[PDB]
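File shown: entry.cif (mmCIF, C-alpha atoms and all ligand atoms).
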```cif
data_coords
#
loop_
_atom_site.label_atom_id
_atom_site.label_comp_id
_atom_site.auth_asym_id
_atom_site.auth_seq_id
_atom_site.Cartn_x
_atom_site.Cartn_y
_atom_site.Cartn_z
CA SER A 138 58.94 28.76 23.92
CA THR A 139 57.27 30.88 26.63
CA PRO A 140 58.82 33.53 28.97
CA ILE A 141 58.66 31.00 31.89
CA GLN A 142 60.29 28.22 29.78
CA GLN A 143 63.14 30.67 29.01
CA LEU A 144 63.57 31.47 32.71
CA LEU A 145 63.47 27.89 34.02
CA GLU A 146 65.89 26.60 31.36
CA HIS A 147 68.27 29.40 32.41
CA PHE A 148 67.82 28.32 36.06
CA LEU A 149 68.35 24.65 35.22
CA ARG A 150 71.61 25.19 33.30
CA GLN A 151 73.02 27.28 36.20
CA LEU A 152 72.19 24.50 38.68
CA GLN A 153 73.40 21.70 36.39
CA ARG A 154 76.75 23.58 36.33
CA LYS A 155 76.98 22.96 40.13
CA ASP A 156 76.75 19.18 39.49
CA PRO A 157 79.76 18.52 37.19
CA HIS A 158 79.84 14.74 37.92
CA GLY A 159 76.11 14.42 37.10
CA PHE A 160 74.77 12.74 40.25
CA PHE A 161 71.47 14.59 39.79
CA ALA A 162 71.31 13.92 36.03
CA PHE A 163 69.01 10.91 35.91
CA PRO A 164 67.15 8.67 38.41
CA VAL A 165 69.03 6.80 41.13
CA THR A 166 68.52 3.02 40.80
CA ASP A 167 68.55 0.31 43.41
CA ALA A 168 71.51 -1.26 41.60
CA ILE A 169 73.70 1.67 42.66
CA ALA A 170 71.72 2.62 45.83
CA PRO A 171 70.17 -0.35 47.68
CA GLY A 172 66.65 0.22 49.02
CA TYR A 173 66.26 3.57 47.27
CA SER A 174 62.81 2.91 45.79
CA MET A 175 61.44 1.81 49.22
CA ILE A 176 62.85 4.84 51.11
CA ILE A 177 62.18 7.54 48.47
CA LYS A 178 58.71 7.55 46.93
CA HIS A 179 58.86 10.88 45.13
CA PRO A 180 62.16 10.69 43.21
CA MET A 181 63.33 13.70 41.25
CA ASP A 182 66.35 14.53 39.08
CA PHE A 183 67.52 17.26 36.68
CA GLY A 184 66.71 14.95 33.74
CA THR A 185 63.03 14.71 34.77
CA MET A 186 63.00 18.48 35.46
CA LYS A 187 64.22 19.12 31.86
CA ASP A 188 61.48 16.86 30.39
CA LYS A 189 58.89 18.94 32.32
CA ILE A 190 60.40 22.14 30.92
CA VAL A 191 60.13 20.81 27.30
CA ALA A 192 56.55 19.57 27.96
CA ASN A 193 55.65 22.99 29.52
CA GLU A 194 54.43 21.39 32.80
CA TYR A 195 55.78 24.21 35.08
CA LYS A 196 53.19 26.98 35.52
CA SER A 197 55.35 28.95 38.00
CA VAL A 198 58.87 29.36 39.35
CA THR A 199 57.64 27.89 42.66
CA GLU A 200 56.59 24.61 40.98
CA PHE A 201 60.17 24.34 39.63
CA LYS A 202 61.72 25.12 43.05
CA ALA A 203 59.37 22.57 44.66
CA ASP A 204 60.87 19.78 42.53
CA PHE A 205 64.36 21.19 43.06
CA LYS A 206 63.80 21.08 46.82
CA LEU A 207 62.37 17.54 46.54
CA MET A 208 65.50 16.25 44.71
CA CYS A 209 67.80 17.73 47.34
CA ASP A 210 65.59 16.57 50.22
CA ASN A 211 65.60 13.00 48.83
CA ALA A 212 69.40 13.12 48.74
CA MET A 213 69.62 14.42 52.31
CA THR A 214 67.10 11.76 53.45
CA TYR A 215 68.57 8.65 51.75
CA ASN A 216 72.31 9.45 52.13
CA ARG A 217 74.30 9.96 55.35
CA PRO A 218 75.88 13.42 56.03
CA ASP A 219 79.42 12.10 55.42
CA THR A 220 78.67 11.20 51.78
CA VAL A 221 79.38 13.33 48.73
CA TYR A 222 75.75 13.12 47.58
CA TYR A 223 74.49 14.65 50.80
CA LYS A 224 77.02 17.47 50.93
CA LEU A 225 76.42 18.36 47.27
CA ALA A 226 72.64 18.38 47.83
CA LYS A 227 72.93 20.76 50.80
CA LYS A 228 75.18 23.23 48.95
CA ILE A 229 73.13 23.10 45.79
CA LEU A 230 69.86 23.54 47.77
CA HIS A 231 71.06 26.69 49.53
CA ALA A 232 72.56 28.10 46.31
CA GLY A 233 69.38 27.41 44.35
CA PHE A 234 67.09 29.22 46.80
CA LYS A 235 69.28 32.33 46.69
CA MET A 236 69.58 32.02 42.89
CA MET A 237 65.79 32.20 42.32
CA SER A 238 64.10 34.12 45.14
CA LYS A 239 62.97 37.77 45.33
CA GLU A 240 64.81 38.63 42.03
CA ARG A 241 64.17 40.70 38.88
CA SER B 138 103.20 20.61 20.43
CA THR B 139 104.99 17.50 19.10
CA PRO B 140 103.63 14.66 16.88
CA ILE B 141 103.46 12.37 19.98
CA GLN B 142 101.63 15.07 22.05
CA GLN B 143 99.05 15.30 19.21
CA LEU B 144 98.57 11.53 19.21
CA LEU B 145 98.30 11.05 22.99
CA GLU B 146 95.90 13.98 23.44
CA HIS B 147 93.71 12.40 20.74
CA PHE B 148 93.90 9.09 22.65
CA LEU B 149 93.13 10.78 25.98
CA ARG B 150 90.06 12.70 24.75
CA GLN B 151 88.58 9.50 23.24
CA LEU B 152 88.97 7.67 26.56
CA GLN B 153 87.85 10.64 28.68
CA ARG B 154 84.63 10.69 26.59
CA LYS B 155 83.86 7.19 27.97
CA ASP B 156 83.90 8.67 31.52
CA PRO B 157 81.12 11.33 31.40
CA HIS B 158 80.64 11.41 35.22
CA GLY B 159 84.40 11.97 35.71
CA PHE B 160 85.31 9.19 38.16
CA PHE B 161 88.76 8.94 36.58
CA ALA B 162 89.21 12.73 36.38
CA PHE B 163 91.19 13.35 39.55
CA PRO B 164 92.63 11.24 42.41
CA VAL B 165 90.38 9.00 44.50
CA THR B 166 90.49 9.97 48.20
CA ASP B 167 89.97 7.88 51.30
CA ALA B 168 87.00 10.13 52.14
CA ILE B 169 85.09 8.69 49.17
CA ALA B 170 86.88 5.28 49.07
CA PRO B 171 87.84 3.91 52.50
CA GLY B 172 91.27 2.24 52.67
CA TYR B 173 92.21 3.32 49.14
CA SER B 174 95.70 4.57 50.05
CA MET B 175 96.51 1.26 51.83
CA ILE B 176 95.30 -0.97 48.93
CA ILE B 177 96.55 1.15 45.99
CA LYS B 178 100.10 2.50 46.17
CA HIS B 179 100.42 3.70 42.56
CA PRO B 180 97.30 5.80 41.94
CA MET B 181 96.63 7.19 38.48
CA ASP B 182 93.91 9.34 36.94
CA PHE B 183 93.15 11.23 33.72
CA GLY B 184 94.03 14.51 35.49
CA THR B 185 97.58 13.33 36.24
CA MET B 186 97.84 11.90 32.70
CA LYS B 187 96.90 15.34 31.24
CA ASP B 188 99.59 17.11 33.34
CA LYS B 189 102.16 14.68 31.88
CA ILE B 190 100.90 15.39 28.35
CA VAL B 191 101.31 19.19 28.84
CA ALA B 192 104.76 18.73 30.45
CA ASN B 193 105.80 16.37 27.56
CA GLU B 194 106.74 13.54 29.98
CA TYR B 195 105.51 10.71 27.65
CA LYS B 196 108.38 9.56 25.40
CA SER B 197 106.33 6.82 23.69
CA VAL B 198 102.80 5.48 23.26
CA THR B 199 103.77 2.59 25.58
CA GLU B 200 104.55 4.98 28.47
CA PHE B 201 101.01 6.40 28.03
CA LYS B 202 99.39 2.94 27.86
CA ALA B 203 101.35 1.91 30.97
CA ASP B 204 99.65 4.63 33.03
CA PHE B 205 96.31 3.92 31.33
CA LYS B 206 96.65 0.26 32.30
CA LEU B 207 97.63 1.24 35.85
CA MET B 208 94.50 3.44 36.30
CA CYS B 209 92.21 0.68 35.10
CA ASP B 210 94.05 -2.01 37.07
CA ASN B 211 93.74 0.04 40.28
CA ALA B 212 90.01 0.28 39.71
CA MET B 213 89.73 -3.45 39.01
CA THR B 214 91.84 -4.21 42.11
CA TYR B 215 90.14 -1.92 44.68
CA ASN B 216 86.47 -2.25 43.54
CA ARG B 217 84.25 -5.35 43.38
CA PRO B 218 83.07 -6.48 39.87
CA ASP B 219 79.42 -5.50 40.50
CA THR B 220 80.30 -1.82 41.09
CA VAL B 221 80.04 1.07 38.65
CA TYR B 222 83.73 1.96 38.92
CA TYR B 223 84.86 -1.57 38.07
CA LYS B 224 82.62 -1.98 35.03
CA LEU B 225 83.64 1.44 33.71
CA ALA B 226 87.35 0.56 34.14
CA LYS B 227 86.87 -2.73 32.25
CA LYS B 228 85.12 -1.00 29.31
CA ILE B 229 87.74 1.71 29.21
CA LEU B 230 90.52 -0.97 29.35
CA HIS B 231 89.08 -2.94 26.40
CA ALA B 232 88.54 0.27 24.39
CA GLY B 233 92.15 1.34 24.96
CA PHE B 234 93.56 -2.07 23.85
CA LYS B 235 91.67 -1.80 20.54
CA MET B 236 92.54 1.91 20.22
CA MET B 237 96.29 1.37 20.72
CA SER B 238 97.04 -2.20 19.63
CA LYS B 239 100.08 -3.35 17.59
CA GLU B 240 98.17 -2.14 14.47
CA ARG B 241 98.75 1.63 14.91
CA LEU B 242 100.06 1.96 11.29
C1 LIG A 301 71.94 12.53 44.26
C2 LIG A 301 71.23 11.27 44.12
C3 LIG A 301 72.03 10.33 45.02
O1 LIG A 301 71.61 10.15 46.16
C4 LIG A 301 72.94 9.54 44.39
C5 LIG A 301 73.41 9.70 43.13
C6 LIG A 301 74.23 8.67 42.85
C7 LIG A 301 74.85 8.43 41.65
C8 LIG A 301 74.21 8.80 40.45
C9 LIG A 301 74.74 8.52 39.18
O2 LIG A 301 74.13 8.89 37.99
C10 LIG A 301 72.97 9.76 38.00
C11 LIG A 301 75.97 7.83 39.05
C12 LIG A 301 76.54 7.56 37.77
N1 LIG A 301 76.04 6.31 37.14
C13 LIG A 301 74.87 5.66 37.29
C14 LIG A 301 74.90 4.56 36.53
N2 LIG A 301 76.07 4.53 35.90
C15 LIG A 301 76.76 5.60 36.28
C16 LIG A 301 76.63 7.45 40.25
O3 LIG A 301 77.82 6.77 40.10
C17 LIG A 301 78.56 6.29 41.24
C18 LIG A 301 76.07 7.74 41.50
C19 LIG A 301 74.22 7.83 43.93
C20 LIG A 301 74.83 6.67 44.23
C21 LIG A 301 74.68 6.04 45.46
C22 LIG A 301 73.86 6.60 46.44
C23 LIG A 301 73.21 7.79 46.14
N3 LIG A 301 73.42 8.38 44.88
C1 LIG A 302 87.68 4.95 39.22
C2 LIG A 302 88.45 5.19 40.48
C3 LIG A 302 87.52 4.60 41.54
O1 LIG A 302 87.68 3.41 41.86
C4 LIG A 302 86.62 5.44 42.12
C5 LIG A 302 86.31 6.67 41.70
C6 LIG A 302 85.41 7.18 42.54
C7 LIG A 302 84.90 8.41 42.45
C8 LIG A 302 85.73 9.48 42.05
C9 LIG A 302 85.26 10.80 41.96
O2 LIG A 302 86.04 11.85 41.60
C10 LIG A 302 87.12 11.70 40.68
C11 LIG A 302 83.94 11.12 42.28
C12 LIG A 302 83.47 12.48 42.19
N1 LIG A 302 83.63 13.30 43.48
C13 LIG A 302 84.14 12.94 44.67
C14 LIG A 302 84.10 13.97 45.50
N2 LIG A 302 83.57 14.98 44.84
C15 LIG A 302 83.29 14.58 43.60
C16 LIG A 302 83.11 10.07 42.69
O3 LIG A 302 81.84 10.42 42.98
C17 LIG A 302 81.34 9.92 44.24
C18 LIG A 302 83.57 8.74 42.76
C19 LIG A 302 85.17 6.27 43.51
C20 LIG A 302 84.39 6.23 44.60
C21 LIG A 302 84.34 5.12 45.44
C22 LIG A 302 85.11 4.00 45.19
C23 LIG A 302 85.91 4.02 44.07
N3 LIG A 302 85.92 5.19 43.24
#
```
How does this structure look as structure tokens?
Amino acid sequence: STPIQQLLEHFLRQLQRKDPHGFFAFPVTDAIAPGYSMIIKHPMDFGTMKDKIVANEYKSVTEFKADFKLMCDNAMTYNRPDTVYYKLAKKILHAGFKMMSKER
Amino acid sequence: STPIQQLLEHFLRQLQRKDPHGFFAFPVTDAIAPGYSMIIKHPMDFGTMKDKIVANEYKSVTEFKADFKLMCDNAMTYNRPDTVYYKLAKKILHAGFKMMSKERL
């Protein structure tokens, strides 16, 4: 129940609110996205990021952002620009970096 | 705030709870589903069904079911069986038939 665990849970909820349909909520499977596990080797989702917040695995804000950036980068690498998953990733990426940089 | 509006809102919430990702929450567009407007001429969603519940446009349970059936049928007509949207429609269909069968008491 640390001061960082407070801060990252606050950050996560605010980002999860930008994903109302829950595309970033758990891992993408090959059933719904063919070839995903071959193309993306470092998968990331909000679900996984929450499990790391409970298990206290984030030592800094930057470690949280790193995963956040990875999730969005995976989306913008696997999906074409015309897709909803891509566009959502790009918005959410930009919004997330403004939401948790140079603040107090 | 009628006795039918109570009943249909209860029905709607129970079905909407089976669609956590909200694929049935507003109209499908051709941007996300190519050729949808050519294949499906009578689109229906939970959003539209909620607007009709507020504006009291459902005179009976059967009028509600009719739309419910249309939404699910559109899904099972446009999408292939192996897709997420199909399987979700088929579950939601079956759940509605049990929820609103001839035994409503
Ligand atoms: C953002 C991750 C992404 O690229 C993504 C997410 C989804 C995605 C994720 C989902 O749950 C996390 C779901 C919801 N889902 C998954 C299994 N059953 C429902 C989904 O439904 C169409 C699409 C998806 C689908 C095809 C191609 C890419 N994606
Ligand atoms: C169930 C209706 C259906 O068949 C359906 C719904 C969706 C669908 C609907 C959505 O919003 C109501 C959404 C959510 N969305 C779309 C644009 N911004 C969010 C979605 O996620 C990709 C898929 C879809 C997509 C491709 C092919 C069929 N469908």
At a cut-off of 12 Å, using only C-alpha atoms, what residues contact stretch 170-172 of chain A? Leave out same-chain residues fewer than 6 positions from it and give the result as a PyMOL selection string.
(chain A and resi 160+164+178+212+215-216+222) or (chain B and resi 220-221)
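Distances to ligand LIG 301 (chain A) were evaluated for B:241, B:224, B:217, B:147 using all atoms listed in the file, and the minimum falls at B:224.
Between atom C14 of ligand LIG 302 (chain A) and atom CA of residue A:221 the separation is 5.8 Å.
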Can you tell me which residues come within 10 Å of ligand LIG 302 (chain A) when counting all atoms listed in the file, ideally as a PyMOL selection string?
(chain A and resi 156-160+220-222+224-225) or (chain B and resi 156+158-173+180-184+208-217+220-226)
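Among the candidates A:219, A:214, A:207, A:197, the one nearest to chain B when counting all atoms listed in the file is A:219.
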Computed gap from atom CA of residue A:185 to atom CA of residue A:152 is 14.0 Å
Box for ligand LIG 301 (chain A) - axis-aligned, 3 Å on each of the six sides, all listed atoms - centre and size in Å to one decimal, as JSON.
```
{"center_x": 74.9, "center_y": 8.5, "center_z": 41.2, "size_x": 13.3, "size_y": 14.0, "size_z": 16.5}
```
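Compared by their closest atoms to chain B, and using only C-alpha atoms, the residues A:240, A:145, A:150, A:166 rank with A:166 nearest.
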From the options A:234, A:205, A:195, A:163, which residue's atoms come nearest to chain B, counting all atoms listed in the file?
A:163
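Proximity to chain B was assessed for A:181, A:176, A:162, A:144 counting all atoms listed in the file; the smallest distance is recorded for A:162.
Atom pair atom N3 of ligand LIG 301 (chain A) / atom CA of residue A:165: separated by 6.0 Å.
If all atoms listed in the file are the atoms counted, then among B:157, B:149, B:204, B:237 the closest residue to chain A is B:157.
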Neighbour list for residue B:235 as a list in words, cut-off 12 Å, all atoms listed in the file, skip fewer than 6 positions in-chain:
residues 148, 152, 202, 228, 229 and 241 of chain B
Restricting the output to C-alpha atoms, write the selected residues as a short mmCIF file (atom, residue, chain, number, x, y, z; two decimals), in the frame of the given file.
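Listing of out00.cif after writing:
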```
data_model
loop_
_atom_site.label_atom_id
_atom_site.label_comp_id
_atom_site.auth_asym_id
_atom_site.auth_seq_id
_atom_site.Cartn_x
_atom_site.Cartn_y
_atom_site.Cartn_z
CA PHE B 148 93.90 9.09 22.65
CA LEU B 152 88.97 7.67 26.56
CA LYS B 202 99.39 2.94 27.86
CA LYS B 228 85.12 -1.00 29.31
CA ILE B 229 87.74 1.71 29.21
CA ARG B 241 98.75 1.63 14.91
#
```
Shell around stretch 189-199 of chain B at 8 Å using all atoms listed in the file, local window under 3 positions removed, as a list in words
residues 141, 142, 145, 146, 185, 186, 202 and 203 of chain B
